[PDB]
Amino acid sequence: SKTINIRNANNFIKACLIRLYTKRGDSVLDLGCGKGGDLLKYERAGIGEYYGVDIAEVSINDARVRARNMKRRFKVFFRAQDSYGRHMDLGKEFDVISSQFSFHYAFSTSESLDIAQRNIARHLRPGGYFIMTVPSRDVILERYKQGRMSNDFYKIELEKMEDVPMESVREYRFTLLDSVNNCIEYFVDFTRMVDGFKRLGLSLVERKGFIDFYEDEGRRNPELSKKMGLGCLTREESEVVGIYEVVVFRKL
């Protein structure tokens, strides 16, 4: 409702992320695609093929209808399945595998993380990119040490402490207005993710806070910036957009 500028910012930042790593007629695999909110962006990027996967049958069926009644000049494939937990094989190699605000679920257990990493490596084409957006642990924990753990929009609560240091917590409860609620999420063990990928041939090629990314593409794109309801956000809204960060791995 009021969390609009944030939805617009996160959508803007996502659109710019897609625009930086995709080319024409590209093959895109959207992990945890939800109700297909990135379609419109991919259409602009002028991609030739879109395959959306998401564990929730309801999310897919809702995603099917969007492409079913939207203006797109590319093929759409949807299949409901756990892309992070259970083994997945679509029998294809995409140019771009995207994972927006979900990869963190692939950190339920150290085993789940391994499966989700091999599923990506397997389907990614040599030289293809895997872009993603996830909450920043470093950020989240540094705000905890202070006191900024919430505001008028969001609210993050850390887990208990049974003989464990603040560096032992592996999950947190997230709350957002007009959406997420007491939704527990696992922290993204960055080093662990980077190490796991390295072994599979994927190297980290990018990492930057949502705000440093936001105010960077905003100046490079004086056009796109306006075409989409953007601008600058109040400190309260900038507090939420700061939790996240862009991370990109490339297949070599």
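We call the rigid core the largest set of C-alpha positions that still match within 1.5 Å between the two forms. All residue numbers are counted from 1 along the displayed sequence.
Between 153-161 and 83-91, the one whose CA atoms sit farther away in 6 other deposited structures of this protein (rigid core aligned): Taking the RMS over all superposed structures in 6 other deposited structures of this protein, 153-161 lies farther out.
Farther-lying stretch by C-alpha RMS in 6 other deposited structures of this protein (rigid core fit) among 55-63, 185-193: Of the two stretches, the larger average C-alpha offset in 6 other deposited structures of this protein falls on 55-63.
Stretch exceeding the other in mean C-alpha B-factor - 218-226, 23-31: Between 23-31 and 218-226, it is 218-226 that shows the higher mean C-alpha B-factor.
Comparing 1-9 with 242-250, the one whose average Cα B-factor in the PDB entry is higher: Going by the record's values, the stretch with the higher mean is 1-9.
Candidate set 143, 137, 160, 118 [ranked by C-alpha B-factor, highest]: Result of the comparison over 143, 137, 160, 118: 160.
Selection from 113, 131, 169, 124 [criterion: highest C-alpha temperature factor in the record]: Most elevated C-alpha B-factor of the set, per the entry: 169.
Cα B factor band for residue 95 (lowest, middle or highest third within the chain): Lowest third, going by the recorded CA B-factors of the chain.
Third of chain Cα B-factors occupied by residue 106: It falls in the bottom third of the chain.
Lowest, middle or highest third - CA B-factor, residue 207: CA B-factor rank for residue 207: lowest third.
Residue 189 CA temperature factor, ranked by third within the chain: According to the entry, residue 189 has a C-alpha B-factor in the chain's lowest third.
Position of residue 67 among the chain's modelled residues by C-alpha B-factor, lowest, middle or highest third: According to the entry, residue 67 has a C-alpha B-factor in the chain's highest third.
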